[PDB]
Protein chains: 2
Amino acid sequence: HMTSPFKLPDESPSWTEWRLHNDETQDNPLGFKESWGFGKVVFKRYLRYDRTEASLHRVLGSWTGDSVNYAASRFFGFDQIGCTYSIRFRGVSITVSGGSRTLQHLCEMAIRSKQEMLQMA
Amino acid sequence: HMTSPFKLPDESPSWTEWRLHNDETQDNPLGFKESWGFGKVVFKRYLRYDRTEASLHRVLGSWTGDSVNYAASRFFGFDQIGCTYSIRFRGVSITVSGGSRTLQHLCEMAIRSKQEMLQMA
RNA sequence: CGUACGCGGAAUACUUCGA
RNA sequence: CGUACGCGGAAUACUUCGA
């Protein structure tokens with residue numbers, strides 16, 4: 001059981017729920033997918049999002065600079081390792097990548113990209 | 001001679017200039033690298049940037065939604081193609097990717113990521 | 001700054017198979 | 001929504017070679 005950088009559990013819909021949603025509505029999916037990779041390990045999350053202020057606040061809390069650093073530090077070594085944050089929403093994907101030594105900046109760019117991605121008209 | 005999505009020419013420093021800059025100063029490079037890829041074709045640019053308002057204004061003009069769409073449309077076909085914008089600055093890289101059908105949104109996210117990247121403390 | 005290459009990881013696009 | 005795979009492209013990290 002590795003330590004995840006996420007503070008909220010995964011919310012992936014079952015194949016059935018996904019199908020039901022499809023027949024009900026795309027630019028209106030159940031949510032978005034985001035991931036954090038440290039070296040050879042990747043952690044993923046699908047989170048429900050409905051474009052409301054309440055929902056945006058909730059999902060922006062899925063990870064923080066501190067939770068990412070704590071999870072990432074477990075994989076640090078003599079040499080620098082590759083770190084990456086990815087988020088996909090409505091057909092568009094943004095990936096922020098860099099070496100572990102720039103993790104702080106990586107997280108700053110990651111959270112900003114996340115907010116902009118979710119607040120896309 | 002293919003049509004580039006860029007409106008400013010490349011400014012890659014020679015090996016000599018780069019070396020001279022190194023001995024003079026990293027979080028203070030001569031500039032940043034950005035690229036636009038449409039299908040199997042990629043266009044690249046290294047642009048000088050000194051963190052000033054004047055410089056930021058200048059480099060944000062290297063491409064627009066219109067110049068990207070005109071360059072990208074040359075590669076459109078029956079099926080959708082993969083499009084990508086990448087920018088690297090001070091050890092951090094941001095890549096915005098998606099299918100050609102989302103190019104408009106891709107460009108919106110790309111320009112925002114570019115501005116945030118260049119205005120990183 | 002740039003060139004060629006290898007490994008790992010990742011992203012996107014198209015296609016297909018499986019629930 | 002998810003799984004496995006192939007091709008192309010791309011990104012990052014480490015290493016090395018070449019200017």
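Letters go in sequence order (proteins before strands), and every chain restarts at 1.
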B/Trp15 side chain, from C-beta outward: closest of D/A19, D/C14, C/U15: D/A19
Measure from the side chain of A/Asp79, starting at C-beta and using heavy atoms only, and say which of C/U12, D/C14, C/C1 lies closest. D/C14
Side-chain atoms of B/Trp18 come closest, of C/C1, D/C1, D/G8, to C/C1
RNA chain C stem ranges, 3 or more consecutive Watson-Crick or G-U pairs under 3.5 angstrom: none
Taking B/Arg48 first and then B/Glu17, would you say they form a salt bridge - that is, a charged N and a carboxylate O separated by under 4.0 Å? yes
Take B/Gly39 and A/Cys83, find for each the nucleotide of RNA chain D with the closest heavy atom, and name the residue whose nucleotide sits nearer the 5' end. B/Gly39
Tell me whether the OP1 or OP2 atom of C/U12 has a side-chain N or O from B/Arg101 closer than 4.0 Å. no
On RNA chain D, check which nucleotide each of A/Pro13 and B/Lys44 is closest to and give me the residue with the more 5' one. A/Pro13
Is A/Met2 close to A/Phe75 at the side-chain level, that is, under 4.5 Å between some pair of heavy atoms? yes
Answer yes or no: does a side-chain N or O of A/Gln80 lie under 4.0 Å from OP1 or OP2 of D/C14? yes
Enclosure of A/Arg74 CZ (heavy-atom neighbours >12, cutoff 6.0 Å): no
Taking the side chain of A/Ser97 as its heavy atoms from C-beta onward, which of C/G8, D/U12, D/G8 lies nearest to it? D/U12
Which nucleotide, C/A13, D/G8, D/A13, lies nearest any side-chain atom of B/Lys40? D/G8
With a non-hydrogen cut-off below 4.0 angstrom, is A/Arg19 in contact with a base, only sugar-phosphate, or nothing? nothing
With a 4.5 Å heavy-atom cut-off, do B/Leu60 and B/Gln115 have their side chains touching? yes
Relative to the 5' end of RNA chain C, which residue comes earlier, B/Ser14 or A/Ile87, by the nucleotide with the nearest heavy atom? B/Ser14
Any luck finding a side-chain donor-acceptor pair between A/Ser97 and A/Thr84 under 3.5 Å? no
Using the side-chain hydrogen bond (donor to acceptor under 3.5 Å, both in side chains) rule, pick out the option among A/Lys114, A/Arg45, A/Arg88 that qualifies with A/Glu34. A/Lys114
Measure from the side-chain heavy atoms of B/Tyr46 and tell me the nearest of C/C14, C/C1, D/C1. C/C1
So CH2 of B/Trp63 and NZ of B/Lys7: to nearest 0.5 Å the spacing works out to 11.5 Å
